[PDB]
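Given next are the chains, with one letter for each unit.
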Amino acid sequence: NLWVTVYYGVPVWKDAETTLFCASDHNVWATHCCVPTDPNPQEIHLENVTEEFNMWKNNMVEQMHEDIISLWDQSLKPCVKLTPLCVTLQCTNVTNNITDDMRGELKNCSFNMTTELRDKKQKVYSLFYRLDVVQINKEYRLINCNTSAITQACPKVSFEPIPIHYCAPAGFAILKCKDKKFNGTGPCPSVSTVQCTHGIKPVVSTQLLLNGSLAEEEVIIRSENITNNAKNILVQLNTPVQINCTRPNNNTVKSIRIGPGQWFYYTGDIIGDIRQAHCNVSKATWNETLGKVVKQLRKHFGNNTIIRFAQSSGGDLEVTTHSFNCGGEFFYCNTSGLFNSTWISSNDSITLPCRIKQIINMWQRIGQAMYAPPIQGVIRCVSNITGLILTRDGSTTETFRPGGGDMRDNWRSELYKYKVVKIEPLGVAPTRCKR
Amino acid sequence: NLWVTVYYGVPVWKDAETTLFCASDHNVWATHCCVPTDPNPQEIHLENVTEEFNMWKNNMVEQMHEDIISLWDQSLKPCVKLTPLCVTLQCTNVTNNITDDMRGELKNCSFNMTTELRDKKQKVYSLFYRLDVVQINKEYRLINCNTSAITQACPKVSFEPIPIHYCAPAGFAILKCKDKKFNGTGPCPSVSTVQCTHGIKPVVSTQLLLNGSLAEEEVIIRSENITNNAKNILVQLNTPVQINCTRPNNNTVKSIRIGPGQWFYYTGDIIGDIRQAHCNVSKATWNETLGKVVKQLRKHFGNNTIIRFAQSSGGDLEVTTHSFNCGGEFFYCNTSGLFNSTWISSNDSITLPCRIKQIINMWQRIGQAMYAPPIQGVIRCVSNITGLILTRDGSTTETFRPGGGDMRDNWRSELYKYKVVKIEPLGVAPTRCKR
Amino acid sequence: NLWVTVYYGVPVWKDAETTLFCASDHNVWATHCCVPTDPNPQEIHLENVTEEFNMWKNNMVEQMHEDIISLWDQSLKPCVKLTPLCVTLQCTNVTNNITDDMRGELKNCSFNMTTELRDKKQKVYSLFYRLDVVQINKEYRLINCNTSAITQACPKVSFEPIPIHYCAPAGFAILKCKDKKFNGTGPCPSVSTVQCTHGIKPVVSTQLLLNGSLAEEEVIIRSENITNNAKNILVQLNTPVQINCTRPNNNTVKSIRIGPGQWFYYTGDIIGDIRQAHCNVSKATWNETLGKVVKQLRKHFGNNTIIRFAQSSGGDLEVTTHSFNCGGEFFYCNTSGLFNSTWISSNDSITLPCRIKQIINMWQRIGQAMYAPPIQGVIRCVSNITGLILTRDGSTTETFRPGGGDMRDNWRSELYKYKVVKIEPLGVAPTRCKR
Amino acid sequence: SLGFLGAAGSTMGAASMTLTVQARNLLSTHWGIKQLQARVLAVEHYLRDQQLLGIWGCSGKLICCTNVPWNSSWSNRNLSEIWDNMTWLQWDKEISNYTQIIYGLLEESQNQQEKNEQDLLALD
Amino acid sequence: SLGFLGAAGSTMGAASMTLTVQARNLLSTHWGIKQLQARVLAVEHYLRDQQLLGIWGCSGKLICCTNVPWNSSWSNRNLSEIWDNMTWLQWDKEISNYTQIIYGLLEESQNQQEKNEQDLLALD
Amino acid sequence: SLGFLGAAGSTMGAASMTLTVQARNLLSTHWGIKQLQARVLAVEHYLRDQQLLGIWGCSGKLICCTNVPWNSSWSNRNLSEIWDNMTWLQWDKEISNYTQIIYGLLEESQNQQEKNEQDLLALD
Ligand SMILES: *[C@@H]1O[C@H](CO)[C@@H](O[C@@H]2O[C@H](CO)[C@@H](O)[C@H](O)[C@H]2NC(C)=O)[C@H](O)[C@H]1NC(C)=O
Ligand SMILES: *[C@@H]1O[C@H](CO)[C@@H](O[C@@H]2O[C@H](CO)[C@@H](O)[C@H](O)[C@H]2NC(C)=O)[C@H](O)[C@H]1NC(C)=O
Ligand SMILES: *[C@@H]1O[C@H](CO)[C@@H](O[C@@H]2O[C@H](CO)[C@@H](O)[C@H](O)[C@H]2NC(C)=O)[C@H](O)[C@H]1NC(C)=O
Ligand SMILES: *[C@@H]1O[C@H](CO)[C@@H](O[C@@H]2O[C@H](CO)[C@@H](O)[C@H](O)[C@H]2NC(C)=O)[C@H](O)[C@H]1NC(C)=O
Ligand SMILES: *[C@@H]1O[C@H](CO)[C@@H](O[C@@H]2O[C@H](CO)[C@@H](O)[C@H](O)[C@H]2NC(C)=O)[C@H](O)[C@H]1NC(C)=O
Ligand SMILES: *[C@@H]1O[C@H](CO)[C@@H](O[C@@H]2O[C@H](CO)[C@@H](O)[C@H](O)[C@H]2NC(C)=O)[C@H](O)[C@H]1NC(C)=O
Ligand SMILES: *[C@@H]1O[C@H](CO)[C@@H](O[C@@H]2O[C@H](CO)[C@@H](O)[C@H](O)[C@H]2NC(C)=O)[C@H](O)[C@H]1NC(C)=O
Ligand SMILES: *[C@@H]1O[C@H](CO)[C@@H](O[C@@H]2O[C@H](CO)[C@@H](O)[C@H](O)[C@H]2NC(C)=O)[C@H](O)[C@H]1NC(C)=O
Ligand SMILES: *[C@@H]1O[C@H](CO)[C@@H](O[C@@H]2O[C@H](CO)[C@@H](O)[C@H](O)[C@H]2NC(C)=O)[C@H](O)[C@H]1NC(C)=O
Ligand SMILES: *[C@@H]1O[C@H](CO)[C@@H](O)[C@H](O)[C@H]1NC(C)=O
Ligand SMILES: *[C@@H]1O[C@H](CO)[C@@H](O)[C@H](O)[C@H]1NC(C)=O
Ligand SMILES: *[C@@H]1O[C@H](CO)[C@@H](O)[C@H](O)[C@H]1NC(C)=O
Ligand SMILES: *[C@@H]1O[C@H](CO)[C@@H](O)[C@H](O)[C@H]1NC(C)=O
Ligand SMILES: *[C@@H]1O[C@H](CO)[C@@H](O)[C@H](O)[C@H]1NC(C)=O
Ligand SMILES: *[C@@H]1O[C@H](CO)[C@@H](O)[C@H](O)[C@H]1NC(C)=O
Ligand SMILES: *[C@@H]1O[C@H](CO)[C@@H](O)[C@H](O)[C@H]1NC(C)=O
Ligand SMILES: *[C@@H]1O[C@H](CO)[C@@H](O)[C@H](O)[C@H]1NC(C)=O
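- Judging from the entry metadata, cryo-EM is the method by which this structure was determined, and 3.8 Å is the reported resolution.

Pasting the structure below:
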C-alpha cells in the first residue's frame, strides 16, 4: 500500500562535535587572522522546538580554551627573550615615600646586564614588586630562574579583549537557548538558530567574572551538581556591580638594549608618594547584590538555614586572590572585604587592597613565563562584576567561599546558551507514490 | 512566448583575485618546491575580444612580492647565526697595494671569536669594506649591531635568478595583452589566454632594470599618472644596453669554526693590487638609448621643451645608487656618469665606479640582516639593461632622475601584460525552448 | 551492431603511488597523532587474481622511511639542548672494579658547566663510555663537538616500537600477497585486498632483524639480483632465534640544572663491579638456523659449492656491529661469534660482547646528534631474530658477511608483501544496448 | 518566509514544502589548517549524501519516489498520524533503527532496475 | 576546437557549441597550505554551480530548458540580436542585475514541479 | 558477499552485478597537511569521473547505454568472448589504447543529442 520516499533538505539535526572557526568585527588575540563578520546576521526563531542543553558537556568550551591558549602563545613568539636577566641581583628596600601600606613591597635591585656587544657589560638598576623576586641565601634572583624561561611581552601588543564570534562550518548550525531562568542543563522550550555566536570577550579573571552578560529577570545560580561540594557554583547577576581599580603611582619607564635589537623595559622610578593598588566597590550595591544571591541560594538550601560568606581557604595567589589585567598591569586584589557576612532568615565604599606582579605564569602551566613590561604613568580602569564563582564547604549553616582559578568556568558563563548540531538533510518516510 | 534557458560552460569571466601557485621547472628560490612545467603550454588567441588591463592595480604584483620575500627568508632559516661576531673590532687601514681611488675602502680588523668549545677563544682577522663597519669611539663595530641579528647566507645556495612561472588554479585563467606599444592601462584589442605566465626572473636591482623583456617596436613609457611628479616612470627599452661589471680583485677566502658545527667565511687577503669595482657602458649605445627615451618623453612634455637628466637626489645607497647581485657579491654603482645630459631639439666606454657591501638589509626591512660570504677569486658578470626607473622634479625644463627602492616596480615591468580572471560558466538567456 | 556501454564501479586497478596515512590503536613515534584503528578490519580474498609484485620498487618503503625520520626529529624538538656541555673535559680511567673486559672503556670526567644564574658555574663529575669522547692532544672533548649540536632526548619519552598500520586513502587499496614461499618479485597467484597493513613495529637494527614476521614453511632468501655483489640478501627465518641482551651494571643516575628549567642527566656512579654488556644466542639453535640458511642458498649457488660465513670487513660501528635499542640504551654487539663457519656438502651459548654509546647520529645524517640519557639500574631485554642481512664477496667458495646500515632494507622485509593500487572504476565495453 | 531550519517543529507535511531552504545552506599560519579542515569536511559530507542519491536513483531530486514497499515492522503509524501529527525530528527518532535496512533495499532495487533497463534497450 | 576560451567574442549562437570545451577545463614550507587552498577552492566553486543545476532541475545537462517565462523587463531584445550579434560577455553585462530574480524563479518552479510529480505518481 | 573488488577475476558479466560494491568505497602538526591532502585528493578523483559521466549523459547511472557504435578496429571479439570468458582487468588492458578515442566520441554524441532536444522542445 505504502512506499518508501526519499526526501532531501529535511530540517533535522543531531548533537555533534565539529571544529569551529572565529570571526572578529597588534592584539594578543590575533583577530586579523579571523573572518570579518556579517553586518546583518540572521537568527531564526524555531517555533514548537524544545531542545536539550547541557553547559557542562559543551565542547565549545574546550575549543575556546585551546584557541585562547594558542593565540596567547603565538603572540609571544617574536618577542624579546629575557634569558640575560636571570642573574644574581643586589637588592635594598624602597623606603623613600612609604605610607606604611607598602613597606617591603618594592625593592631596588641592581645587576650586570649584557649589551649590544658581547664583550661589554652595563650596570642597571630597577624596581621590582617583591612577588617576582626570591632570596638566594641581600642576594636575590627572579622567581622563575629555577623553573622556567621568560619571554617579554611585546610593548606594542595590547592585551585588551576583543569580542570573538565562534562560527559553525557549512553543514552545521548553532542552536541558541532564549529562555529566561535557564539553569544550563534542562530542556529549553524556546530556541533559535544562528550560524555564529555573539561576540564573547575573552576576559581573564579569577574570582569574580568581569564584563560578561547579565541575567535579565533574576540572579541565576548554575552548577553541574548543586548538592555536591566538588563542583563550583556559577552565579549570573542581574545588575552589574561597578568596580573602580587603580595603581595610583606615577611610573617612569626606562629601557636598555641587552643585545642586537633586543630591548628590555623596566620601572626606573616613582614620582611622588608610593601607594598601594586598590579597587573600590560600593557598599550599598554590594549588599543588595549579595542579598539577592542569598535569596536564590535558599531555593536549594532552605528558607530556615544560615548562609555564610567567607574568604578562600588558601592556595596559590592566583586562586585565593582576584586577579585581572588592568591597563596592562596584573592585579591581585583581596576580596575578603566582599565575602565577610552571615545571612540569617551613602557613597561609603569598600576598599580592596591589591598587589602587582610582572612575572606571570598563565593557564596554570609550568615552564612558560611571561614578563609584563611596566606601564608608564598612572593606571585607572572601570569594569562591571557580572557574576561570581563560589564553592561550598563540606549542621544548619552552609558556607560559601570564592572559587574559580580554572578558566574554563569563566567561558562556560557565556557559552551556556549555545550548542552545536549537525544537519542531517537526508531521510525517508512512507507515502502513496511509487516509481 | 520566450523561456529562460540555462547554459553551463558559457565562455565568460570576471576580474578576480585568487591565489596563484608557482611552477618553475641549491638556490635561494625554491624551484624544487614549485610545480614542474608543462613541456609546451597552450596559448589561445581570442579573436574579437578587447579587454581592459591595469598594470598598477594588478594583484599578481603583490603576490610576487610576498612570495619572493617568503622564499628569501626560508632559505636563511637553516644558516649560521653570526651572533658571536658582534664584538669590538680593532681596525687599521689596508695600505699595501692601494691606488688613489679605492683608498680607505678596506679595513683590516682583528677580534676575539668563539671556537667549538665554550671555554676557548681564537684571534681572527679579516677584511671589511667600511660601508659595513661603523666607529664606536680605532674601535669599530659592525654596522648592524645596534638594530639586528645577522644570518650568514649558506655558501652552497646560489642567488642567481631562475625563471618562475605563475599559474592560475582551476576555474581561473590568465589573460595576456599582445598589443605592441601597450602602455599598461587602457583597452587591449589583442589578447590571448594562458594558464601560466612566461618565466619571470626575480632579478633584483634598484635603478636600471636588468635581464627583462624588451619592447618590440619602440621605447615605451609607462606611469600611473604622467603629470603627477610623485609617481615613478617605467621605461621599457626595445634594445638592450650591454653592461660589463667586475670586482677585479683576487680574494682568498678563509673559514673558521665559531661553534659546534658552525663556520664563518671571510676574506683573508687580496692577491695582487687592490682596485675599485666598476661597470662599463658603451657611450654610443647609451647616447642612442637616451635619444630614444627623450623622443618618447616629448610626447607628454612638449616638442619645444627641454629634457634634462640628473643624478639621484639623496637617501641611502639602496636608492641613490644602482644596486645588484653580481656573482654573489652586492654592488652599489654610481650612475651619475649616465644621467648627466641636456637634450634640446667608436670603442669608448663609460666607467661607473662601484662599492661592495657584505651586510645587507633587503626588502627595506628592519631587524633582519644578511651576511653575504665572500666569493673566492675574481668576479665578472655581463647583463642587459632592458629598462629604467625615472622620477621627475616638481618653467621650460623637465628634469629626470633615477628612481628605485620599491621592488614592486621591478615586477610590474614583467607582469604588466597579465590579468587574472574568474571563469563564470553558468548563465541564462531567452530561447523559444520550454520544459 | 554493438554499442559502447559505460560502466561505473568496475573492479579494476592500476599500479599507483599515493600518500599513505598512519593508524595506531609519551613515545617517539607520536602515535597519539595517528588515526585510531578499526577493531574489526576486513580482508577480502580475490579468487583467480594474479598480480605482479616487486618489493624492490615498492614506494611504501620510502614513505615509511621518511615518516620514521620525521617522527623521530619532532620528538627531540622540544627537549633540552646540550650546547653548554661542549667544554674541555678533564678525564681519568675508571679502575675501581675492572674485569679487564672494560679496561679503559669507562672514563671519569670533570668539567665546568652552567647554572640557573648566568654569573655562577658548577663543577660536575660524570662517567662516559669512551666511544663518546675524544682526546684533544688528559684533556678530552665530546666526540661530536666539531660536527654537530647535541639535543638530549626527553627522559619521559619512550623509544619502544609501537606497531604502525599504513592505510590507503579512499580510491586506493592495498593488495597483499598470500602465497607462501614468495620471493618478492614474481607473479603472486593468491592475493587479497586490505585497506590497512598489519601493524609493523619500527624496530631499528643492523645486521640481524629483530621482532619481525616469520616465514610460514621454510627459510626464504630474497634479493633484488642474486648474482650481483652490489645487492644485499634478505633472509627471512621460519623460526625465531632467541637472543638475551643485558647491561649488568647498577648505574646511578644524577640530574643537574644547567639553565632556567633545563636539566642534564648523567651517570653518577656504578654500584658493584663493572662488567661488559653482552648478548646470548644458543649454539644449537643458531647452528640449525644457519644450516637451514645454507640449504636454501645452495639453490642459487650450487649443491656442490662451499658456503663460508665471515665477519663484516670494515666501516663504522653502525655497519660492523649489530646495533639495537635495549631498554633505552644503544648497544653495538660484535656478531663475529655467529658468522664464523664453513659448510661443505645442551645450554651452551655464544656470547657476543657489546659496547654502549650515548652520543648518537641516526639515519646516517651529519649535524644532528642525540644524547641518550642513561637509564637507572640494570637492563635486560629478550628479543627474536627473525632474519638476516647478508652481503656476498666478489672459484669454489662463496663468502657471506653481515650487511646493514641502510634502514630501508629493514622495512622492506615487512612491506614486501604489499603493493598500492589506484582504483579505476570507470570503463567501457560493447553490448547490444543502445540509447 | 522561514530561514534555515525555521520549519523545524512544524509538521512533516508542512516542512516538506521548504526543502530548498536547507539544501541551499549545505556548502554555505597554523589557523589556516582549521579553516581548510572545516571546508573539506563540509564537502565530504555533501558528497556522501549525493552519492547515495546517485546509487538509489534519486540524483538531482529533492523528492524521490521509489519501488521499495514500506514494511509495518519499521513503523505501523497511519499516514494521518505521520504527516499531520509529527515533525521530522520525531519521525527520525521513531525509525532510526531501520535506516540501514531501508538503505540496503533502496540500492538493491536500483541495481535491479539498471539491469532491466539495459536489457529492454537491447531489443530492436 | 578553438581552445579553452577560444569562442569568447564569437556570437552567443556560435559560442553555445563549445560548452564542453569550457566545462572540461573547470576542476582541472607553508606553501603546502597555499597550494591546498587553491585546490579546495576549485572544488567548492565547481560544487556550487552543480548544486544550482540540481535545485533548478538541470542536473547533468549543458543546455537546460525550463518553465519560467522570460520577462521583457529583464531584457527586451529580439532573439536575433541576442543570438546573432551579441557575445556572451556583453550579455552577461546587461542581465547582471536580474540574475538573482531569475535564479529565485527557477528554484520555485522546480520545487513546484517535483511536488506535482509526487502527487501524480500516487495514482501509478 | 565479495565486499570489495571481490569480483575481480570473475568474468565481465559476473562482475557487472557488483558495481555498487566498489562505488560505495570511493570517498570513504606537519601531518595535518599530509592527511588533509589525502582527503582532498580522494575528492578530486571522484569528481573527475563524475564530470565525465555528466558530459556523456550518464550522470545518474551505473550502467549507461550510449549512441556510439562499437568499432572492430578497437576490438574484434564476440560477445561470449568478452562477457563470459574474460575479466575486467584483462579487458582494460585489451583496449587501453582506444579509451581516448571512445571518450571523445561519447562527448560528441552527447552534444549532438542535447542540441537536438533543445530544438524539438521549441516546436509547439
Ligand atoms: C657586576 O660586575 C662587577 C664587576 O666590576 C661585580 O663586582 C665584583 O664583584 C665581585 C664579587 O661578586 C668582587 O669579588 C669583585 O672584586 C667586584 N669587582 C669590582 C671591582 O667591582 C659585581 O659584583 C657584579 N654584580 C653584582 C652581583 O654585584
Ligand atoms: C550529585 O551529587 C550527589 C551527592 O551530593 C550524588 O549522590 C551520591 O552518590 C554516591 C554514589 O552512588 C553515594 O554513595 C552517595 O551516598 C550519594 N549521596 C547522596 C547525598 O545521595 C549524585 O549521584 C550526583 N549526581 C550526579 C548525576 O552526578
Ligand atoms: C595610456 O593610454 C590610455 C588610453 O588607452 C590613456 O587614457 C586617457 O586617460 C585620461 C585620464 O585623465 C582620459 O581623460 C582620456 O580620455 C584617456 N584616453 C583614452 C583614449 O582613453 C592614458 O592616459 C595613457 N597613460 C600614459 C601614462 O600614457
Ligand atoms: C662588454 O664585454 C664584451 C665581451 O664580453 C665586449 O665585446 C668584445 O669587444 C672587442 C672590441 O670590439 C672585440 O674584439 C671582442 O671580440 C668582443 N667580444 C665578443 C665575445 O664579442 C664589449 O665591447 C664590452 N662592452 C663595454 C662597454 O665594455
Ligand atoms: C624470484 O622468483 C622469480 C620467479 O617467479 C624469478 O624470476 C625469474 O628470473 C630468472 C632470472 O632472471 C629468469 O630466468 C626467469 O625466467 C624469471 N621468471 C619469471 C617469472 O620472470 C626471480 O629471479 C627470483 N628472484 C630471486 C632473488 O630468487
Ligand atoms: C571575429 O569576427 C568576424 C567578423 O568581424 C567573424 O567573421 C565572420 O564569420 C562568419 C562565419 O564563418 C562569416 O559568414 C562572415 O562573412 C565573417 N565576416 C567577415 C567580415 O569576414 C569571425 O569568425 C570572428 N572570430 C571568431 C573566433 O569567432
Ligand atoms: C515583469 O517585471 C515587472 C517589473 O519587476 C513586474 O511588475 C511589478 O510587479 C510588482 C508586484 O510584484 C509591482 O509592485 C511593481 O510596481 C510592478 N512594476 C512595473 C513596472 O509594472 C511584472 O509583474 C513582471 N511580470 C511577469 C509576468 O513576471
Ligand atoms: C574462479 O574460477 C572458477 C573456475 O576455475 C569459478 O568457478 C566456476 O563457476 C561456474 C559458474 O558458477 C561453474 O559453472 C563452474 O562449475 C565453477 N568451476 C569450478 C572448478 O568451481 C569461480 O566462480 C571463480 N571465482 C570468482 C570470484 O569469480
Ligand atoms: C566468436 O569468435 C570465437 C573465435 O573465433 C568463436 O570460437 C570459435 O568459433 C568457430 C566458428 O566461427 C568454431 O568453429 C570454433 O570451434 C570456436 N572455437 C572454440 C573452440 O571456442 C566463437 O564461437 C565466436 N562466437 C560465438 C561463440 O558464436
Ligand atoms: C626590607 O623588606 C624585608 C621584607 O622582605 C623586611 O624584613 C626588612 O626589615 C626591610 N628593610 C627595611 C630597611 O625596611
Ligand atoms: C536544572 O533543571 C533540571 C530540570 O530537569 C533539574 O533536574 C536540575 O536539578 C536543575 N539544576 C539546577 C542547578 O537548578
Ligand atoms: C616624596 O617624593 C619626592 C620626589 O618625587 C621627594 O622630593 C620628597 O622628599 C618625598 N617625601 C618624603 C617624605 O621624603
Ligand atoms: C687509560 O686507558 C688507555 C687506553 O689506551 C691506556 O693507554 C692508559 O694507560 C690507561 N690509564 C690508566 C691509569 O690505566
Ligand atoms: C674551572 O675553572 C677554573 C678557573 O680558575 C679552572 O682552574 C678549572 O681547571 C676549571 N675546571 C675544569 C674541570 O676544567
Ligand atoms: C642498586 O643499588 C641500590 C642500593 O641502595 C638498590 O636499592 C637498588 O635496588 C639496586 N638496583 C639494582 C637494579 O640492583
Ligand atoms: C505550533 O503549533 C500551533 C498549533 O498549536 C500551529 O498553529 C503552529 O503553526 C505551529 N508552529 C509551526 C512552526 O508549525
Ligand atoms: C533501537 O533498539 C533499542 C534496543 O537496542 C531500543 O531501546 C530502541 O527503542 C530502538 N529504536 C527504534 C527506533 O526502534
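Concerning the arrangement of the chains
Working step 1: Looking at chain B next to chain D, you find no contact at all, with the nearest C-alpha pair sitting 12 Å apart.
Working step 2: Across the gap from chain C to chain E, with no contact made, the nearest C-alpha atoms are 14 Å apart.

Focus on the interface of chain E and chain B
Working step 1: Facing 53 residues of chain E, the contacting portion of chain B comprises 47 residues.
Working step 2: Of the roughly 4500 Å² buried where chain E meets chain B, counting both sides, 70% is carbon and sulfur surface.
Working step 3: Between the two partners, chain E and chain B, sit 2 salt bridges.
Working step 4: Those elements that place two or more of their residues in the side of chain E that touches chain B are helix 1 (12–15), helix 2 (19–23), helix 3 (31–56), strand 1 (63–69), helix 4 (79–85), helix 5 (88–92) and helix 6 (99–120) of chain E.

A few points about the state of the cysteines
Residues and elements named next belong to chain A.
Working step 1: Under the criterion given, the structure shown has 33 disulfides over all chains.
Working step 2: The side chain of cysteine 177 participates in a disulfide bridge whose partner is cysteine 188; the two sulfur atoms lie 2.0 Å from each other. One quick way to see it: the torsion about the S-S bond of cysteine 177 and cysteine 188 is about 100°, and its sign makes the bridge right-handed. You can see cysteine 177 sitting in strand 13 (residues 172–177) and its partner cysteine 188 sitting in strand 14 (residues 187–188), a full 11 residues away along the chain.

A look at the sheet that holds strand 7 (residues 107–114) of chain B
Residue and element names in this part refer to chain B.
Working step 1: Spatial ordering of the open sheet is given by 8-7-6-10-9, a layout of 5 strands whose pairing is antiparallel. In this open sheet, the two strands that pair with only one neighbour each are strand 8 (121–128) and strand 9 (133–135). Mean inter-strand twist for the sheet, computed between neighbouring axes without regard to direction, equals 40°.
Working step 2: Pairing between strand 6 (residues 89–93) and strand 10 (residues 139–142): 2 bridges, direction antiparallel. What sits directly across from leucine 89, in strand 10, is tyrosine 140.

A closer look at the site of ligand 3
Residues and elements named next belong to chain B.
Working step 1: In the vicinity of ligand 3, the residues found are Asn183, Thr185, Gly186, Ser223 and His300.
Working step 2: Here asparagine 183 contributes a side-chain N or O atom positioned 2.4 Å from an oxygen atom of ligand 3.
Working step 3: Summarising the interface, the protein chains cover 32% of the accessible area of ligand 3, which totals 600 Å² for the free molecule.

Analysis parameters
Every chain's residues are listed with numbers counted from 1 in the order the sequence is written; these need not match the entry, and residues without coordinates are not shown. In the order they appear in the text, chains get letters beginning with A and ligands get numbers beginning with 1. With hydrogens and water excluded, all non-hydrogen atoms of the structure serve as input to the side-chain values. Residues with missing side-chain atoms are left out of burial classes, side-chain pairs and their counts. Working rule for contacts: check all heavy atoms of both residues, and any pair within 4.5 Å makes them a contact. When two components associate, each loses some accessible surface as probed by a 1.4 Å sphere; the sum of these losses over both components is called the buried area. Here, a salt bridge means any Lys or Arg side-chain nitrogen found within 4 Å of an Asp or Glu carboxyl oxygen. A run of DSSP states H or I qualifies as a helix once it reaches four residues; a run of E qualifies as a strand once it reaches two. Both are numbered from the N-terminal end. Throughout, a disulfide means two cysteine sulfur atoms within 2.5 Å of one another. Any two strands are treated as partners once DSSP identifies two or more bridges connecting them. Only the stretch in contact is used when a helix axis is fitted, and all axes are lines through C-alpha atoms; the angle between N-to-C directions ranges over 0 to 180 degrees. Working definition: residue near molecule or strand if any one of its non-hydrogen atoms lies within 4 Å of it. Counted as a polar contact is a pair of N or O atoms within 3.5 Å, where, for protein atoms, one must be capable of donating a hydrogen and the other of accepting one, and residues adjacent in sequence contribute only when both atoms are in side chains. Per-residue and other accessible areas were derived by the Shrake-Rupley procedure at a 1.4 Å probe size, with only the shown protein chains allowed to occlude residues.

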